[PDB]
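Undergrad: Experimental coordinates follow, after the sequence.
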Amino acid sequence: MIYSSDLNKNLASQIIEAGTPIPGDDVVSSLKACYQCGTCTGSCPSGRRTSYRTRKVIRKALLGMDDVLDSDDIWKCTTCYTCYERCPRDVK
Amino acid sequence: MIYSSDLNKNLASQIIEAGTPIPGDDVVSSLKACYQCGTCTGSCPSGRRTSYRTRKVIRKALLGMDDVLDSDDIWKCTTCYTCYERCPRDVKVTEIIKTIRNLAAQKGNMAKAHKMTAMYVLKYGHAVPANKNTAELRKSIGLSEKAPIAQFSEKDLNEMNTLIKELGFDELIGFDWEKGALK
Amino acid sequence: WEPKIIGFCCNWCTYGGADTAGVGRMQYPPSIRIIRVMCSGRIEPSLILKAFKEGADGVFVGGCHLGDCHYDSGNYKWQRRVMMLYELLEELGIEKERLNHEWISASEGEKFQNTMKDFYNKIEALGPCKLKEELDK
Amino acid sequence: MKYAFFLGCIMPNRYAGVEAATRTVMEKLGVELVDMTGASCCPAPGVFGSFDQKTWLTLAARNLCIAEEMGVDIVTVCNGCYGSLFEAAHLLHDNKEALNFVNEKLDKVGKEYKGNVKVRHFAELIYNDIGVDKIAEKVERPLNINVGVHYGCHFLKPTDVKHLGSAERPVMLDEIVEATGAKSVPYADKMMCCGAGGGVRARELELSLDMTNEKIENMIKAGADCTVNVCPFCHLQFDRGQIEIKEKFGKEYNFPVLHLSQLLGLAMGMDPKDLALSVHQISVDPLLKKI
Amino acid sequence: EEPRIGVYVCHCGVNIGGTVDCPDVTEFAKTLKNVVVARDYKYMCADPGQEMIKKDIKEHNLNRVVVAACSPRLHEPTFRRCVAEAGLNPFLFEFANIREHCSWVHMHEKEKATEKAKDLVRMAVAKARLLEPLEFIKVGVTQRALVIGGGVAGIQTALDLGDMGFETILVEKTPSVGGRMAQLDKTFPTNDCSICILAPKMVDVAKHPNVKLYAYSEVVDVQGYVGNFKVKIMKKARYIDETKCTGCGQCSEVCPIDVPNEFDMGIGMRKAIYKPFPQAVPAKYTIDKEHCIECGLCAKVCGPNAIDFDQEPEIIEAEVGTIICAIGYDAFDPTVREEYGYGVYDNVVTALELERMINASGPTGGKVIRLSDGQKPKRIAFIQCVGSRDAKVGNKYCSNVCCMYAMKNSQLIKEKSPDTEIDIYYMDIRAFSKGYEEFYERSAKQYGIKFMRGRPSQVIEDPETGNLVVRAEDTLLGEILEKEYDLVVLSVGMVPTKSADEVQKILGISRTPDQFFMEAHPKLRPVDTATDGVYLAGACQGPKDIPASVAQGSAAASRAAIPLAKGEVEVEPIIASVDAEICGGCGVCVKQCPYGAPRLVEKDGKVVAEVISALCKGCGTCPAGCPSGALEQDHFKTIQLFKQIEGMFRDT
Amino acid sequence: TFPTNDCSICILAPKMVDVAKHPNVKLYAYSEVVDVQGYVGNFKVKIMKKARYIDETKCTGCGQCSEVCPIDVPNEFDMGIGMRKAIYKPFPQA
Ligand SMILES: Cc1cc2nc3c(=O)[nH]c(=O)nc-3n(C[C@H](O)[C@H](O)[C@H](O)COP(=O)(O)OP(=O)(O)OC[C@H]3O[C@@H](n4cnc5c(N)ncnc54)[C@H](O)[C@@H]3O)c2cc1C
Ligand code: SF4
Ligand code: SF4
Ligand code: SF4
Ligand code: SF4
Ligand code: SF4
Ligand code: SF4
Ligand code: SF4
Ligand code: SF4
Ligand code: SF4
Ligand code: SF4
Ligand code: SF4
Ligand code: FES
Ligand SMILES: [Fe+3]
């Protein structure tokens, strides 16, 4: 049960401001282009041995689930850039 | 990581045949119409306080995950029929859950409390039988001390025992007739 | 034994209904054989009685919904004709149920499929109509 | 009106006051209740239907056969028994393969269901065949109190076979309780399940109690003096469940629980002793003071 | 002459062949009397198939052809042209439907389907033997078209036809043309102003030298056939002098009767005397007698004295050659989906109501506000597929435009109020055409519109605030959401317009399972109807957007211009005629014909009946009712049908 | 072809047939427009009628030639999944 009171609506905007000007407004605002296809999760080497699902991080960011910032899952990404290379929506 | 080797292509077909002829082939085959909208999960009162997600049961059934028969989640549905009433694809959800539970029971996934309830109907013809207190209460209220029910009718109790044996329900629950208890 | 059912369907809404069942791959029993007419108004007692004479176990008739006849009122005449025909068949010892008439739009493929399913079951349950065997004596 | 009165399990063997209450209330409305001798558990549709559908229908048909042999239709005051016998009757009329299977089993006990039995719920029977006007005409003691109306799930659903109108926004029970001089208070998630159905009370007790508690909290917030149901299972869950909620959650409410027949009985001037409110786990005395 | 029949069994790839043993049907066909040739082929309508039939007619001197294939409703004309090209009269051709009526419905019963195909071939061969050569009736085409419905589709059809030089009549039910597009604020995917781009076309149509616009009028009767339709138009009484009407609007202030404004979807309130919208064409007022009390207060204020209650509707008789039906659609009524609370909760609205709320010329002055307190909503939820893709309400189809208009209006709300949070509850985002996927990408990246994949279970109102809660599962997380909103918008689907029932009965057209009008063939003829000279354009044929409707309007104009340009069409001689030597003038046939074709007359000193060939549409009711057998419908004679009945059981 | 599951040929072939023998339509198959000059109502167009190396008016379209040709070319119509001959007809219903 996720209620509006458990959500932080400005989390996406907050992630974008933290990314402006480095790595860039256009770079981090790309999360808003995500259409939850799953290509990132399917390409994740870390996701194959853990509960980590790349697509859910972006979903939580758009939905406003603050717990993503407290999660150990975001720290399981090795920065292999495979998802970055395959995303059909140009999400960085 | 779910590989083709961990899946059972026939699960949907096996669920559909268990549902034939009761509640019906057309009734249970309705699971194939599911388009995973989530209306069933959103309407589930049980889902609001547990990890139970009605839509996933149907998904697992279509994908071929046999673990759905071993799950405690399918047993958290109260048969409130809300999902059944709201499904835009005419999936007879509540009936599919009950049918999946039949296969779960056949695999040995039946709770002891449920087996006990079933044992009372087999033993006394009733899930909630009359007690010494029942007789005394009924007497003081002005009702017949013993209600005109199967509990006090050997003819009717024996009729039920014949049907139970013919349906193999006694073997399903694991009831021993000479010991008069579950194995 | 499989029932022999003859059908009479008007070319507009009904023919369209039966066609739509096919487009939608709506399976139904293969007993019926449909005869096409332009309107159900073309249907009269002699065509139905001729079918039983030939050995029909069941006879089906389908026309447009009352008020939706492509020819305005053809089905209203057929409706008066079929009601007398149901009673005439009982007088002749032919079960009323061996005759079935329904109103089907081009948009009702599911209704046609179910009407065919229900009619087939009805005739199968009644068994063969023994008129031809009685006449061939 | 003459009807074979199916009793079920919980009403005749536990909350017997509901039986007594029904017999007089129905007699006052002009309904001849005849004994359905040897009738067994319906059986519980959610519990048994989940174990083996074939066993649920065969045993239900066996009960339907008792009333068929009597040449009369059935009446029940339990949603559980209503749902089980009603759905069984519909399935046997609509599905010949199911009917054939069941009659092949019933032949072993010398029985055969022929589809002439109609199953009725007393609340809809009162609403569609008797009339709500007749309830008010027989009110000796008007009950001017607030009621948290609990319809239950198996009363109106599944609508595709019940045909008792809307399951989302019904008026049927509200109009019957209001005829006694009471007020059906609107509360949050009114049409939600009590939590006992489908064998959940027995196998997952704390989960059932969580739903019952939500319903009681909502009714109390709406200003209800009690809760009225049309189901001994709901009755037990609301009544006995409160003791369990107190022992498992630490929450006490002492919220009176009544079955519609008991509420209609009070309204028709019955002795509260004959309604057996003393066996109720939660005292009805606070409500009795309010009337 | 003796029948020499050619039987052709089509496989239609594997559509027939995969279920019916076509080679076996072909062998069986040869065992029937008069069947001198029998062949099976993969595609009978294809060039080699048609050339095969044609070559055989000449080489094997056939006088009857039987094609055992698809439905005659699809290719009967195709094969009639094929045989006529070889010299065989087209009425000596007989279709046997073994696809839609056999192979497609008996897929799991191949042996019985094969047996059924044999009987259908035999039934066809049985009727074929007694068929007769008939002369197609060449009829002239009145150089005039009739367009019913004044929306973007109908306007497009009349403009193209008028631009081609064809006299066209455009009948519009309401007081103004423009349709639902006139009610919209902007249009996706360009976000153009809807009326700002539609008005120029409404103006063009109103002053087109070849188009006669009849606004506030309805077609009440259509008689005849292709090229010779006689149409009756009822020019409804506005009860205001049309010519003396300035369109200033000063008589409405006095009116004491408030009527809900249909144009504003029931939000706004108009008077008995009113105007549909500010950019209305023609610009004139109307008195609604359904709510007028005849107090005459409006007349006291009215200067010109244009108000006249003694005004009478005028019935206009017009002759047209072709008819285009473009009556559009209506928005689904979501009250039935009781869990969403429409009609119960004040802040639950339909998307069409929202369009009127957003539109500058609307009741709220282009301000999106809550109907409970008049406050602007800070949080909004759009619920997709309301009244569509839903078996419980009987609409198992996709309404096509809801995903797009929901994203569009979300962008317009963000432009007007960027701080507004918008969530769209969906199953599939259908942004399927040019610039649509791009529009979808834009809504999220540029406007920050959020999407939740999950069809909501229910909406719950807080009686204290009027706020709504949407219960739904975020299927992409496997969790239940219970988010609060200030306004809930239901993306209602499209349903046929209320008058569709009347228009269907007048034109004699059919409907598809979705209740919209039925096209001749979904791909072979998307705007033609099975009724010759009657075409469709726009949403009345099925849910679709503006360009698709404009394209259909243009398509219908082309199809409808073919008979007009030819000036001559061929019609079926399957008409009734009386054998004077048998008719004793009993008079039973006369009143059976709804067109009054059979009439009693004096011949050779006594009374006999005589059918007026031109008035007979070929139903076969009067011959069926004739007790002497004097009346017979060519191509459906009792003897022909008798042989067809025998054919099911034996060869005759 | 969806959603009727009709054969493509069902709808397309009769139309191909009609167009080839239409009295008001001049079909130039195996041809390309190589130049267009002018403006609306006054266009001057150049069509290149490519060489088939067969006399169309004399050709029967029997295909006895296809059986004898010894060179195999990948069939474009079959997307390279078929092998045609140097002398050919794109597909049987062409
Ligand atoms: C909420 C909503 C938003 C939309 N947004 C967009 C968008 O942004 N972009 C887009 O391209 N499309 C949009 N659409 C779809 C668009 O509305 C339709 O494509 C368009 O209205 C179709 O035009 P039409 O002429 O076919 O039907 P209509 O516009 O409905 O016109 C039919 C006309 O015929 C008249 N009529 C009806 N019955 C009769 C009769 N019996 N006799 C004579 N006349 C009659 C009517 O009064 C009406 O004027 C939207 C639809 C909805 C519901
Ligand atoms: S691959 Fe891109 S669009 Fe797809 S879920 Fe991942 S970030 Fe979103
Ligand atoms: S960059 Fe990170 S999230 Fe992306 S595929 Fe690699 S490990 Fe996974
Ligand atoms: S509501 Fe129906 S279609 Fe939707 S996910 Fe549940 S079973 Fe499937
Ligand atoms: S029937 Fe079961 S799964 Fe469906 S809403 Fe009720 S408790 Fe949930
Ligand atoms: S009726 Fe008279 S006052 Fe009213 S708008 Fe017309 S001209 Fe003006
Ligand atoms: S006569 Fe009719 S239109 Fe005029 S003011 Fe009175 S109610 Fe209004
Ligand atoms: S266009 Fe979109 S919202 Fe509309 S019916 Fe289709 S999927 Fe549903
Ligand atoms: S029904 Fe027949 S017999 Fe009678 S008048 Fe007409 S054509 Fe002549
Ligand atoms: S067949 Fe007779 S009833 Fe029918 S249209 Fe012709 S003249 Fe009229
Ligand atoms: S359209 Fe008809 S004739 Fe053509 S291939 Fe299909 S079934 Fe055969
Ligand atoms: S198909 Fe080949 S062999 Fe036959 S006529 Fe044409 S070129 Fe000659
Ligand atoms: S046309 Fe269908 S019944 Fe007259
Ligand atoms: Fe403008």
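TA: Looks like it came in fine. Residues are numbered from 1 along each chain as shown, chains lettered A, B, ... in the order given. Ligands and ions are numbered 1, 2, ... in the order given.

Undergrad: burial of residue 69, as a residue count?
TA: I went with chain A, as the question did not name one. By other C-beta atoms under 10 Å in any protein chain shown, 13 other residues sit near residue A:69. All C-beta spots, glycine's among them, are computed from the backbone N, C-alpha and C.

Undergrad: actually it's chain E I care about, not the one you picked
TA: Neighbours of residue E:69 (other C-beta under 10 Å): 30.

Undergrad: next one: residue E:419
TA: 7.

Undergrad: just residue C:78 next, same as before
TA: Neighbour tally, residue C:78, other C-beta under 10 Å: 27.

Undergrad: Which of the three states applies to it?
TA: Under DSSP: H, G, I helix; E, B strand; the rest coil, the three-state class of residue C:78 is helix.

Undergrad: swap in the one 4 residues further on?
TA: The assignment at residue C:82 comes out as helix when based on three-state DSSP.

Undergrad: residue contacts, the closest residue to residue C:122 other than its chain neighbours?
TA: Counting by C-beta to C-beta, 6 or more residues apart in numbering or on different chains, residue C:97 is the residue found nearest to residue C:122 once chain neighbours are left out, at 5.7 Å. Neighbour list for residue C:97: C:122-123, C:126 [criterion: C-beta atoms under 8 Å, 6 or more residues apart in numbering or on different chains].

Undergrad: Return the residues in contact with the most centrally placed residue in chain A.
TA: Central residue of chain A (C-alpha atoms, centre = their mean): residue A:58, 2.8 Å from the mean position. The contact partners of residue A:58, taken as C-beta under 8 Å, 6+ apart, are A:31, A:34, A:36, A:40, A:91.

Undergrad: run the last query once more with 7 Å
TA: A:31, A:34, A:91 (C-beta atoms under 7 Å, 6 or more residues apart in numbering or on different chains).

Undergrad: which SS class is it?
TA: helix.

Undergrad: what's the burial count for residue A:92?
TA: With other C-beta under 10 Å as criterion, residue A:92 counts 16.

Undergrad: meant to ask about residue A:72
TA: By other C-beta under 10 Å, the residues close to residue A:72 number 9.

Undergrad: Can you tell me, leaving aside adjacent residues, what's nearest to the closest residue to ligand 11 within the stretch 501-650 of chain E?
TA: Ranking the residues of the stretch 501-650 of chain E by distance to ligand 11 (C-beta to the nearest ligand atom) places residue E:524 first, at 9.0 Å. Excluding the flanking residues, the one nearest residue E:524 by C-beta to C-beta, 6+ apart is residue F:11, at 4.6 Å.

Undergrad: which phi and psi does that neighbour have?
TA: Per-residue torsions, residue F:11: phi -90, psi -40 (degrees, to the nearest 10).

Undergrad: I'd like the distance between it and residue C:134.
TA: The gap separating residue F:11 from residue C:134 is 50 Å, by C-beta to C-beta, to the nearest Å.

Undergrad: cool, and residue D:177?
TA: 65 Å.

Undergrad: Run through the residues that contact whichever residue of the stretch 51-200 of chain D sits closest to ligand 6.
TA: Closest approach between the stretch 51-200 of chain D and ligand 6, counting by C-beta to the nearest ligand atom: residue D:169, at 44.1 Å. Residue D:169 makes contact with residue E:338, according to C-beta under 7 Å, 6+ apart.
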